[PDB]
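Dropping entry_28.pdb in here (PDB, C-alpha atoms and all ligand atoms):
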ATOM      1  CA  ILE A   1     -14.680  10.697 -13.831  1.00  0.00           C
ATOM      2  CA  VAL A   2     -17.693   8.363 -13.987  1.00  0.00           C
ATOM      3  CA  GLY A   3     -19.003   7.288 -17.376  1.00  0.00           C
ATOM      4  CA  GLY A   4     -16.071   8.763 -19.280  1.00  0.00           C
ATOM      5  CA  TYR A   5     -13.329   7.388 -21.511  1.00  0.00           C
ATOM      6  CA  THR A   6      -9.557   7.056 -21.505  1.00  0.00           C
ATOM      7  CA  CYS A   7      -8.278  10.361 -22.914  1.00  0.00           C
ATOM      8  CA  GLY A   8      -5.049   9.046 -24.421  1.00  0.00           C
ATOM      9  CA  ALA A   9      -1.606  10.048 -23.238  1.00  0.00           C
ATOM     10  CA  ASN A  10      -0.977  13.797 -23.220  1.00  0.00           C
ATOM     11  CA  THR A  11      -4.149  14.622 -25.186  1.00  0.00           C
ATOM     12  CA  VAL A  12      -5.131  17.090 -22.403  1.00  0.00           C
ATOM     13  CA  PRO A  13      -1.758  18.858 -22.036  1.00  0.00           C
ATOM     14  CA  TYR A  14      -2.977  21.542 -19.606  1.00  0.00           C
ATOM     15  CA  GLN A  15      -4.209  18.961 -17.056  1.00  0.00           C
ATOM     16  CA  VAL A  16      -2.081  18.705 -13.919  1.00  0.00           C
ATOM     17  CA  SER A  17      -2.134  16.400 -10.895  1.00  0.00           C
ATOM     18  CA  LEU A  18      -1.630  17.876  -7.418  1.00  0.00           C
ATOM     19  CA  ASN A  19       0.387  15.373  -5.409  1.00  0.00           C
ATOM     20  CA  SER A  20       1.188  15.012  -1.693  1.00  0.00           C
ATOM     21  CA  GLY A  21       2.487  11.460  -1.769  1.00  0.00           C
ATOM     22  CA  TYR A  22      -0.739  10.613  -3.655  1.00  0.00           C
ATOM     23  CA  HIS A  23      -2.953  12.326  -6.198  1.00  0.00           C
ATOM     24  CA  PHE A  24      -5.536  14.427  -4.326  1.00  0.00           C
ATOM     25  CA  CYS A  25      -6.857  17.034  -6.797  1.00  0.00           C
ATOM     26  CA  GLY A  26      -6.452  18.256 -10.352  1.00  0.00           C
ATOM     27  CA  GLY A  27      -5.579  21.642 -11.805  1.00  0.00           C
ATOM     28  CA  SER A  28      -5.103  23.511 -15.071  1.00  0.00           C
ATOM     29  CA  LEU A  29      -1.900  25.111 -16.369  1.00  0.00           C
ATOM     30  CA  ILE A  30      -2.603  28.698 -17.452  1.00  0.00           C
ATOM     31  CA  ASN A  31       0.976  29.878 -18.137  1.00  0.00           C
ATOM     32  CA  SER A  32       4.435  28.440 -17.616  1.00  0.00           C
ATOM     33  CA  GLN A  33       4.448  29.429 -13.923  1.00  0.00           C
ATOM     34  CA  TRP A  34       0.807  29.286 -12.760  1.00  0.00           C
ATOM     35  CA  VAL A  35      -1.910  26.680 -12.171  1.00  0.00           C
ATOM     36  CA  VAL A  36      -5.622  27.196 -11.430  1.00  0.00           C
ATOM     37  CA  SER A  37      -7.320  24.776  -9.014  1.00  0.00           C
ATOM     38  CA  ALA A  38     -10.035  24.780  -6.337  1.00  0.00           C
ATOM     39  CA  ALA A  39      -9.686  26.563  -2.995  1.00  0.00           C
ATOM     40  CA  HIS A  40     -10.862  23.460  -1.120  1.00  0.00           C
ATOM     41  CA  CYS A  41      -7.781  21.638  -2.507  1.00  0.00           C
ATOM     42  CA  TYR A  42      -5.428  23.885  -0.522  1.00  0.00           C
ATOM     43  CA  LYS A  43      -2.821  22.204   1.679  1.00  0.00           C
ATOM     44  CA  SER A  44       0.852  22.593   2.477  1.00  0.00           C
ATOM     45  CA  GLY A  45       3.410  20.542   0.570  1.00  0.00           C
ATOM     46  CA  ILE A  46       1.879  20.501  -2.899  1.00  0.00           C
ATOM     47  CA  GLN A  47       3.927  19.041  -5.743  1.00  0.00           C
ATOM     48  CA  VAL A  48       2.501  19.859  -9.183  1.00  0.00           C
ATOM     49  CA  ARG A  49       2.851  17.015 -11.690  1.00  0.00           C
ATOM     50  CA  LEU A  50       2.644  18.085 -15.333  1.00  0.00           C
ATOM     51  CA  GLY A  51       2.755  15.941 -18.460  1.00  0.00           C
ATOM     52  CA  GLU A  52       1.134  12.975 -16.701  1.00  0.00           C
ATOM     53  CA  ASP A  53      -0.839  10.097 -18.120  1.00  0.00           C
ATOM     54  CA  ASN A  54      -0.295   7.078 -15.828  1.00  0.00           C
ATOM     55  CA  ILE A  55       0.140   8.756 -12.434  1.00  0.00           C
ATOM     56  CA  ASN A  56       1.701   5.623 -10.904  1.00  0.00           C
ATOM     57  CA  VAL A  57       4.449   5.023 -13.489  1.00  0.00           C
ATOM     58  CA  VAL A  58       7.257   7.280 -14.677  1.00  0.00           C
ATOM     59  CA  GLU A  59       6.673   6.983 -18.434  1.00  0.00           C
ATOM     60  CA  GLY A  60       8.425  10.044 -19.776  1.00  0.00           C
ATOM     61  CA  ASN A  61       7.179  13.604 -20.322  1.00  0.00           C
ATOM     62  CA  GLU A  62       6.520  14.233 -16.593  1.00  0.00           C
ATOM     63  CA  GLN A  63       7.676  17.417 -14.899  1.00  0.00           C
ATOM     64  CA  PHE A  64       7.410  17.497 -11.097  1.00  0.00           C
ATOM     65  CA  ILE A  65       7.544  21.059  -9.731  1.00  0.00           C
ATOM     66  CA  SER A  66       6.925  22.177  -6.171  1.00  0.00           C
ATOM     67  CA  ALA A  67       4.350  24.850  -5.473  1.00  0.00           C
ATOM     68  CA  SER A  68       6.052  28.017  -4.244  1.00  0.00           C
ATOM     69  CA  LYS A  69       2.834  29.952  -3.564  1.00  0.00           C
ATOM     70  CA  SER A  70      -0.750  28.727  -3.095  1.00  0.00           C
ATOM     71  CA  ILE A  71      -3.219  31.630  -3.196  1.00  0.00           C
ATOM     72  CA  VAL A  72      -6.757  30.801  -2.057  1.00  0.00           C
ATOM     73  CA  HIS A  73      -9.334  33.405  -3.017  1.00  0.00           C
ATOM     74  CA  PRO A  74      -9.593  35.791  -0.004  1.00  0.00           C
ATOM     75  CA  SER A  75     -13.406  35.479  -0.059  1.00  0.00           C
ATOM     76  CA  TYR A  76     -13.568  31.682  -0.317  1.00  0.00           C
ATOM     77  CA  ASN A  77     -16.430  30.440   1.889  1.00  0.00           C
ATOM     78  CA  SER A  78     -15.668  26.927   3.076  1.00  0.00           C
ATOM     79  CA  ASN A  79     -19.334  26.198   3.857  1.00  0.00           C
ATOM     80  CA  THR A  80     -21.128  27.463   0.747  1.00  0.00           C
ATOM     81  CA  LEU A  81     -18.089  26.895  -1.548  1.00  0.00           C
ATOM     82  CA  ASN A  82     -18.517  30.342  -3.066  1.00  0.00           C
ATOM     83  CA  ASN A  83     -15.273  31.603  -4.638  1.00  0.00           C
ATOM     84  CA  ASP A  84     -13.824  28.072  -4.794  1.00  0.00           C
ATOM     85  CA  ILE A  85     -10.650  29.004  -6.688  1.00  0.00           C
ATOM     86  CA  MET A  86      -6.923  28.882  -5.913  1.00  0.00           C
ATOM     87  CA  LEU A  87      -3.850  29.958  -7.878  1.00  0.00           C
ATOM     88  CA  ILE A  88      -0.619  27.974  -7.516  1.00  0.00           C
ATOM     89  CA  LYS A  89       2.724  29.510  -8.502  1.00  0.00           C
ATOM     90  CA  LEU A  90       5.365  26.982  -9.536  1.00  0.00           C
ATOM     91  CA  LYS A  91       8.824  27.158  -7.958  1.00  0.00           C
ATOM     92  CA  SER A  92      10.329  27.091 -11.471  1.00  0.00           C
ATOM     93  CA  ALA A  93       8.689  27.610 -14.850  1.00  0.00           C
ATOM     94  CA  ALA A  94       7.449  24.517 -16.641  1.00  0.00           C
ATOM     95  CA  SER A  95       9.028  23.608 -19.977  1.00  0.00           C
ATOM     96  CA  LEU A  96       6.196  24.024 -22.464  1.00  0.00           C
ATOM     97  CA  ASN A  97       5.934  21.538 -25.358  1.00  0.00           C
ATOM     98  CA  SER A  98       3.188  19.619 -27.172  1.00  0.00           C
ATOM     99  CA  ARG A  99       2.591  17.479 -24.063  1.00  0.00           C
ATOM    100  CA  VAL A 100       2.718  20.312 -21.500  1.00  0.00           C
ATOM    101  CA  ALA A 101       0.751  23.363 -22.615  1.00  0.00           C
ATOM    102  CA  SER A 102      -1.314  26.156 -21.110  1.00  0.00           C
ATOM    103  CA  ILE A 103      -5.061  26.612 -21.600  1.00  0.00           C
ATOM    104  CA  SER A 104      -6.539  30.021 -22.429  1.00  0.00           C
ATOM    105  CA  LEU A 105      -8.758  31.885 -20.005  1.00  0.00           C
ATOM    106  CA  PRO A 106     -12.198  32.880 -21.315  1.00  0.00           C
ATOM    107  CA  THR A 107     -13.108  36.222 -22.815  1.00  0.00           C
ATOM    108  CA  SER A 108     -16.840  35.665 -22.179  1.00  0.00           C
ATOM    109  CA  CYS A 109     -18.984  33.198 -20.270  1.00  0.00           C
ATOM    110  CA  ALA A 110     -20.281  30.148 -22.151  1.00  0.00           C
ATOM    111  CA  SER A 111     -23.946  29.600 -23.005  1.00  0.00           C
ATOM    112  CA  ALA A 112     -26.081  26.696 -21.849  1.00  0.00           C
ATOM    113  CA  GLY A 113     -25.734  23.688 -24.124  1.00  0.00           C
ATOM    114  CA  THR A 114     -22.103  24.372 -24.993  1.00  0.00           C
ATOM    115  CA  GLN A 115     -20.160  21.124 -24.979  1.00  0.00           C
ATOM    116  CA  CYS A 116     -17.167  20.926 -22.689  1.00  0.00           C
ATOM    117  CA  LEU A 117     -14.373  18.503 -21.829  1.00  0.00           C
ATOM    118  CA  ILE A 118     -13.991  17.553 -18.145  1.00  0.00           C
ATOM    119  CA  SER A 119     -10.972  15.471 -17.156  1.00  0.00           C
ATOM    120  CA  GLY A 120      -9.200  13.948 -14.179  1.00  0.00           C
ATOM    121  CA  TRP A 121      -7.924  10.974 -12.199  1.00  0.00           C
ATOM    122  CA  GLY A 122     -10.893  10.785  -9.854  1.00  0.00           C
ATOM    123  CA  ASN A 123     -13.022   7.799  -8.916  1.00  0.00           C
ATOM    124  CA  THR A 124     -14.690   6.065 -11.872  1.00  0.00           C
ATOM    125  CA  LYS A 125     -17.560   4.514  -9.862  1.00  0.00           C
ATOM    126  CA  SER A 126     -20.767   6.164  -8.643  1.00  0.00           C
ATOM    127  CA  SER A 127     -21.066   3.523  -5.897  1.00  0.00           C
ATOM    128  CA  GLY A 128     -17.841   2.302  -4.332  1.00  0.00           C
ATOM    129  CA  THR A 129     -14.365   3.332  -5.405  1.00  0.00           C
ATOM    130  CA  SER A 130     -12.028   2.576  -8.296  1.00  0.00           C
ATOM    131  CA  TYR A 131      -9.179   4.997  -8.940  1.00  0.00           C
ATOM    132  CA  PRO A 132      -7.670   4.937 -12.444  1.00  0.00           C
ATOM    133  CA  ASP A 133      -3.999   4.961 -13.317  1.00  0.00           C
ATOM    134  CA  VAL A 134      -4.551   6.921 -16.556  1.00  0.00           C
ATOM    135  CA  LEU A 135      -6.372  10.170 -17.260  1.00  0.00           C
ATOM    136  CA  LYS A 136     -10.107  10.010 -17.980  1.00  0.00           C
ATOM    137  CA  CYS A 137     -12.264  12.394 -20.000  1.00  0.00           C
ATOM    138  CA  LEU A 138     -15.972  13.242 -20.260  1.00  0.00           C
ATOM    139  CA  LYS A 139     -17.870  15.372 -22.781  1.00  0.00           C
ATOM    140  CA  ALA A 140     -20.592  17.282 -20.944  1.00  0.00           C
ATOM    141  CA  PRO A 141     -22.879  20.255 -21.641  1.00  0.00           C
ATOM    142  CA  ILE A 142     -23.355  23.398 -19.606  1.00  0.00           C
ATOM    143  CA  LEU A 143     -26.826  23.404 -18.057  1.00  0.00           C
ATOM    144  CA  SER A 144     -29.197  26.360 -17.822  1.00  0.00           C
ATOM    145  CA  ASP A 145     -29.183  28.472 -14.683  1.00  0.00           C
ATOM    146  CA  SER A 146     -32.837  27.638 -14.047  1.00  0.00           C
ATOM    147  CA  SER A 147     -32.203  23.886 -14.191  1.00  0.00           C
ATOM    148  CA  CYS A 148     -29.118  24.225 -12.005  1.00  0.00           C
ATOM    149  CA  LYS A 149     -31.024  26.124  -9.288  1.00  0.00           C
ATOM    150  CA  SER A 150     -33.937  23.695  -9.539  1.00  0.00           C
ATOM    151  CA  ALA A 151     -31.515  20.813  -8.857  1.00  0.00           C
ATOM    152  CA  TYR A 152     -29.741  22.612  -5.990  1.00  0.00           C
ATOM    153  CA  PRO A 153     -32.179  25.092  -4.408  1.00  0.00           C
ATOM    154  CA  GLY A 154     -30.511  27.817  -2.350  1.00  0.00           C
ATOM    155  CA  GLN A 155     -27.000  26.513  -3.083  1.00  0.00           C
ATOM    156  CA  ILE A 156     -25.974  27.946  -6.478  1.00  0.00           C
ATOM    157  CA  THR A 157     -24.275  31.326  -6.394  1.00  0.00           C
ATOM    158  CA  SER A 158     -23.494  33.591  -9.338  1.00  0.00           C
ATOM    159  CA  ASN A 159     -19.964  32.100  -9.231  1.00  0.00           C
ATOM    160  CA  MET A 160     -21.118  28.533  -9.939  1.00  0.00           C
ATOM    161  CA  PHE A 161     -22.608  26.613 -12.843  1.00  0.00           C
ATOM    162  CA  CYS A 162     -23.820  23.084 -13.457  1.00  0.00           C
ATOM    163  CA  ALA A 163     -22.656  20.806 -16.247  1.00  0.00           C
ATOM    164  CA  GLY A 164     -23.325  17.194 -17.121  1.00  0.00           C
ATOM    165  CA  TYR A 165     -26.404  15.030 -17.131  1.00  0.00           C
ATOM    166  CA  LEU A 166     -29.629  14.635 -15.209  1.00  0.00           C
ATOM    167  CA  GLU A 167     -30.252  11.000 -16.183  1.00  0.00           C
ATOM    168  CA  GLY A 168     -27.303   9.757 -14.126  1.00  0.00           C
ATOM    169  CA  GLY A 169     -24.186   7.831 -14.987  1.00  0.00           C
ATOM    170  CA  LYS A 170     -21.810  10.566 -16.226  1.00  0.00           C
ATOM    171  CA  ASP A 171     -20.062  13.064 -13.941  1.00  0.00           C
ATOM    172  CA  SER A 172     -16.872  14.231 -12.238  1.00  0.00           C
ATOM    173  CA  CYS A 173     -16.132  12.515  -8.904  1.00  0.00           C
ATOM    174  CA  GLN A 174     -13.763  12.428  -5.924  1.00  0.00           C
ATOM    175  CA  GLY A 175     -10.210  13.147  -7.084  1.00  0.00           C
ATOM    176  CA  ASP A 176     -11.367  15.371  -9.948  1.00  0.00           C
ATOM    177  CA  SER A 177     -11.707  18.556  -7.849  1.00  0.00           C
ATOM    178  CA  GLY A 178      -9.693  21.488  -9.096  1.00  0.00           C
ATOM    179  CA  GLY A 179      -9.443  20.141 -12.617  1.00  0.00           C
ATOM    180  CA  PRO A 180     -10.601  21.664 -15.866  1.00  0.00           C
ATOM    181  CA  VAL A 181     -13.874  22.211 -17.657  1.00  0.00           C
ATOM    182  CA  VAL A 182     -12.819  23.382 -21.126  1.00  0.00           C
ATOM    183  CA  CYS A 183     -15.292  24.621 -23.706  1.00  0.00           C
ATOM    184  CA  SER A 184     -14.258  25.704 -27.209  1.00  0.00           C
ATOM    185  CA  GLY A 185     -10.637  25.972 -26.113  1.00  0.00           C
ATOM    186  CA  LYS A 186     -11.253  28.113 -23.009  1.00  0.00           C
ATOM    187  CA  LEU A 187     -11.108  27.192 -19.319  1.00  0.00           C
ATOM    188  CA  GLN A 188     -14.676  27.879 -18.189  1.00  0.00           C
ATOM    189  CA  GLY A 189     -14.916  25.754 -15.047  1.00  0.00           C
ATOM    190  CA  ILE A 190     -13.143  24.191 -12.074  1.00  0.00           C
ATOM    191  CA  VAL A 191     -14.449  20.895 -10.663  1.00  0.00           C
ATOM    192  CA  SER A 192     -15.946  21.786  -7.255  1.00  0.00           C
ATOM    193  CA  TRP A 193     -18.839  19.803  -5.731  1.00  0.00           C
ATOM    194  CA  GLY A 194     -22.077  17.880  -6.148  1.00  0.00           C
ATOM    195  CA  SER A 195     -24.596  15.722  -4.322  1.00  0.00           C
ATOM    196  CA  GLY A 196     -22.778  12.446  -4.733  1.00  0.00           C
ATOM    197  CA  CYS A 197     -21.450  11.623  -8.187  1.00  0.00           C
ATOM    198  CA  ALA A 198     -23.422  10.697 -11.319  1.00  0.00           C
ATOM    199  CA  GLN A 199     -26.748  10.585  -9.455  1.00  0.00           C
ATOM    200  CA  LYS A 200     -30.045  11.241 -11.218  1.00  0.00           C
ATOM    201  CA  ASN A 201     -31.084  14.914 -11.104  1.00  0.00           C
ATOM    202  CA  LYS A 202     -27.843  15.936  -9.344  1.00  0.00           C
ATOM    203  CA  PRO A 203     -25.350  17.273 -11.902  1.00  0.00           C
ATOM    204  CA  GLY A 204     -21.850  18.430 -11.096  1.00  0.00           C
ATOM    205  CA  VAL A 205     -21.252  21.978  -9.875  1.00  0.00           C
ATOM    206  CA  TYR A 206     -18.276  23.992 -11.112  1.00  0.00           C
ATOM    207  CA  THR A 207     -16.623  27.308 -10.291  1.00  0.00           C
ATOM    208  CA  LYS A 208     -17.423  29.887 -13.009  1.00  0.00           C
ATOM    209  CA  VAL A 209     -13.929  30.904 -14.174  1.00  0.00           C
ATOM    210  CA  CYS A 210     -15.132  33.761 -16.400  1.00  0.00           C
ATOM    211  CA  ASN A 211     -16.040  35.715 -13.243  1.00  0.00           C
ATOM    212  CA  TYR A 212     -12.427  35.506 -12.014  1.00  0.00           C
ATOM    213  CA  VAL A 213     -10.369  36.403 -15.097  1.00  0.00           C
ATOM    214  CA  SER A 214      -9.615  39.936 -13.834  1.00  0.00           C
ATOM    215  CA  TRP A 215      -8.793  38.622 -10.344  1.00  0.00           C
ATOM    216  CA  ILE A 216      -6.471  35.985 -11.811  1.00  0.00           C
ATOM    217  CA  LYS A 217      -4.649  38.492 -13.994  1.00  0.00           C
ATOM    218  CA  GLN A 218      -4.302  41.045 -11.184  1.00  0.00           C
ATOM    219  CA  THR A 219      -3.019  38.408  -8.750  1.00  0.00           C
ATOM    220  CA  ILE A 220      -0.480  36.971 -11.202  1.00  0.00           C
ATOM    221  CA  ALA A 221       0.753  40.471 -12.122  1.00  0.00           C
ATOM    222  CA  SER A 222       1.421  41.339  -8.452  1.00  0.00           C
ATOM    223  CA  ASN A 223       3.123  38.025  -7.521  1.00  0.00           C
TER     224      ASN A 223
ATOM    225  CA  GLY B   1     -25.678  16.146   1.256  1.00  0.00           C
ATOM    226  CA  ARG B   2     -23.207  18.320  -0.709  1.00  0.00           C
ATOM    227  CA  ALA B   3     -19.676  17.005  -0.948  1.00  0.00           C
ATOM    228  CA  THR B   4     -16.529  18.313  -2.586  1.00  0.00           C
ATOM    229  CA  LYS B   5     -14.713  16.200  -5.182  1.00  0.00           C
ATOM    230  CA  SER B   6     -11.301  16.133  -3.459  1.00  0.00           C
ATOM    231  CA  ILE B   7      -9.387  13.219  -1.907  1.00  0.00           C
ATOM    232  CA  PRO B   8     -10.686  12.973   0.805  1.00  0.00           C
ATOM    233  CA  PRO B   9     -14.076  14.606   0.176  1.00  0.00           C
ATOM    234  CA  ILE B  10     -15.449  17.300   2.446  1.00  0.00           C
ATOM    235  CA  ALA B  11     -19.137  16.694   3.129  1.00  0.00           C
ATOM    236  CA  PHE B  12     -21.893  18.869   4.529  1.00  0.00           C
ATOM    237  CA  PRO B  13     -25.153  18.070   6.356  1.00  0.00           C
ATOM    238  CA  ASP B  14     -27.257  18.939   3.312  1.00  0.00           C
TER     239      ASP B  14
HETATM  240 CA    CA A 301       3.526   9.132 -14.969  1.00  0.00          CA
END
As a first step, turn the structure in this file into structure tokens.
Ligand SMILES: [Ca+2]
Amino acid sequence: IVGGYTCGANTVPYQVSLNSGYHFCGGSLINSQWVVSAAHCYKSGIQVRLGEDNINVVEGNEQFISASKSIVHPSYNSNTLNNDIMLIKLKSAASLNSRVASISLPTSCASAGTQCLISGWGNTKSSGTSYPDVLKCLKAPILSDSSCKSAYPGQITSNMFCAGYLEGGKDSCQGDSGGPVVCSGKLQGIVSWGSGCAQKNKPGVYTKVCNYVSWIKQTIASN
Amino acid sequence: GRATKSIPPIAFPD
């Protein structure tokens, strides 16, 4: 997260870190056994880390649970990034408490201008790299479809939306992929892609979770 | 020019 702030320990209790000997992507806990992330984050050997603040210190409240299933959307396109969503089933159910909690799926899509919370352990610099120990947060608005398509001609599908800023300086960045965009208490987005990070006229692009609620429910119910 | 926000990033010619 570039241009954000330190969230505070366990203030984003649905945020997870996907770990393979290092933090590589985020995710969102949606029930005690299932995490939503991005399809491009798929790999073997994922350990889900819940309850984290400082990802490099065991501070208390962590739960480390192996992924038992990683389900990439069958229609994920690795070139256009359409359908950039993955469901991870945990090997055992997480213990839910104030510091580890699920986030609700949306009942409707969110309108342009709605304020959202984007969070993660990604790079905090728009030029160069600095990776934080503790979780970072950014308040960012949903942008209009017409502004999103103007920024990224020919690249925005019906399953994507833009959020953030056009003036530069505030955005999600590398290491934030798969993590949450939460608006009015609902998970509306998954960090996906952009042209660089925090660049003028190039806002972040996010998977539109409202389009996948039925798919998520059907997949969980059958697994 | 597009790149994903994973570690490591996946980038594309555009
Ligand atoms: Ca920790």
Once you count only C-alpha atoms and all ligand atoms, which residues end up within 8 Å of ligand CA 301 (chain A), and could you hand them over as a ChimeraX atom specification?
/A:51-62
Minimum-distance residue to residue A:195, chosen among A:173, A:221, A:1, A:71 (using all atoms listed in the file):
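Answer, going by the shortest atom-to-atom distance: A:173.
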Per residue of chain A within 8 Å of chain B, which atom pair is closest and at what distance in Å (one decimal), using only C-alpha atoms, listed by chain and increasing number, as JSON lines?
{"residue": "A:23", "atom": "CA", "partner": "B:7", "partner_atom": "CA", "distance": 7.8}
{"residue": "A:24", "atom": "CA", "partner": "B:7", "partner_atom": "CA", "distance": 4.7}
{"residue": "A:25", "atom": "CA", "partner": "B:6", "partner_atom": "CA", "distance": 5.6}
{"residue": "A:40", "atom": "CA", "partner": "B:6", "partner_atom": "CA", "distance": 7.7}
{"residue": "A:41", "atom": "CA", "partner": "B:6", "partner_atom": "CA", "distance": 6.6}
{"residue": "A:79", "atom": "CA", "partner": "B:12", "partner_atom": "CA", "distance": 7.8}
{"residue": "A:172", "atom": "CA", "partner": "B:5", "partner_atom": "CA", "distance": 7.6}
{"residue": "A:173", "atom": "CA", "partner": "B:5", "partner_atom": "CA", "distance": 5.4}
{"residue": "A:174", "atom": "CA", "partner": "B:5", "partner_atom": "CA", "distance": 4.0}
{"residue": "A:175", "atom": "CA", "partner": "B:6", "partner_atom": "CA", "distance": 4.8}
{"residue": "A:176", "atom": "CA", "partner": "B:5", "partner_atom": "CA", "distance": 5.9}
{"residue": "A:177", "atom": "CA", "partner": "B:5", "partner_atom": "CA", "distance": 4.7}
{"residue": "A:178", "atom": "CA", "partner": "B:6", "partner_atom": "CA", "distance": 7.9}
{"residue": "A:191", "atom": "CA", "partner": "B:5", "partner_atom": "CA", "distance": 7.2}
{"residue": "A:192", "atom": "CA", "partner": "B:4", "partner_atom": "CA", "distance": 5.8}
{"residue": "A:193", "atom": "CA", "partner": "B:4", "partner_atom": "CA", "distance": 4.2}
{"residue": "A:194", "atom": "CA", "partner": "B:2", "partner_atom": "CA", "distance": 5.6}
{"residue": "A:195", "atom": "CA", "partner": "B:2", "partner_atom": "CA", "distance": 4.7}
{"residue": "A:196", "atom": "CA", "partner": "B:3", "partner_atom": "CA", "distance": 6.7}
Which neighbours of stretch 2-15 of chain A fall inside 6 Å, counting only C-alpha atoms, when residues of the same chain fewer than 2 positions from it are skipped, and could you give them as a PyMOL selection string?
chain A and resi 28-29+53+99-103+124-125+135-138+169-171
Would you translate the PyMOL selection byres (((chain A and resi 85) around 6) and not hetatm) into the concrete set of residues it matches in this file, as a PyMOL selection string?
chain A and resi 37-39+73+83-84+86
Would you write out, as a count of residues only, every residue that the PyMOL selection byres (((chain A and resi 46) around 10) and not hetatm) captures in this file?
22
